[PDB]
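Asker: Build me a model from this:
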Amino acid sequence: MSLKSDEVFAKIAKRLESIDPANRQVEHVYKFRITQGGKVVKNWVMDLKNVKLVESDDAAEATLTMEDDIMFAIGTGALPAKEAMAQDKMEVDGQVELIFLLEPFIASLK
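Answerer: Residues are numbered from 1 along each chain as shown. Next comes the structure:
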């Protein structure tokens, strides 16, 4: 009934409220896919227009699908999203240029 990834999304959201217009460069919508054990069980959507996280199936500039245990690692600055993708522990769709543009942004907002 509850996923660990929720913890990361919750904290990430509260952090998005600290974002300021002074520092900018790029911002787009990102969809996250939460799988249970090894199969998709839910899909979350990141609202960049309102700066809030919500649950929807709407399209997005990119999609990041990874196991709950994996998403947590990339959320708690545990394991690098890059390496995880190398071991096939996670995948991403859409603009590979933007998806990676978030890696170095994990410090400002994951």
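Asker: Give me the next element, helix or strand, following the helix ranked longest in the chain.
Answerer: Secondary structure of the chain read by DSSP state H shows that its longest helix is helix 5-16. As assigned by DSSP states H and E, the chain's next helix or strand after helix 5-16 is strand 30-36.
Asker: Each with direction, which strands does that next one pair with?
Answerer: Here strand 30-36 is paired, per DSSP bridges, with strand 39-47 (antiparallel), strand 62-67 (parallel).
Asker: Single out the most deeply packed of these.
Answerer: Burial of those is given as mean neighbour count (mean count of other C-beta atoms under 10 Å); strand 62-67 ranks first at a mean of 20. Every residue, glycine included, has its C-beta placed from N, CA and C.
Asker: on that earlier part again, okay, buried residues for the longest helix of the chain please.
Answerer: When burial is assessed from 16 or more other C-beta atoms under 10 Å, helix 5-16 yields the following buried residues: 5-6, 8-9, 12-13, 16.
Asker: Name the nearest of those residues relative to residue 35.
Answerer: Within the buried residues of helix 5-16, the smallest distance to residue 35 is 9.8 Å, found for residue 5 (C-beta to C-beta).
Asker: give me every residue that touches that closest one.
Answerer: Taking C-beta atoms under 8 Å, 6 or more residues apart in numbering, we find residue 5 in contact with 32, 34, 44, 68, 71-72, 75.
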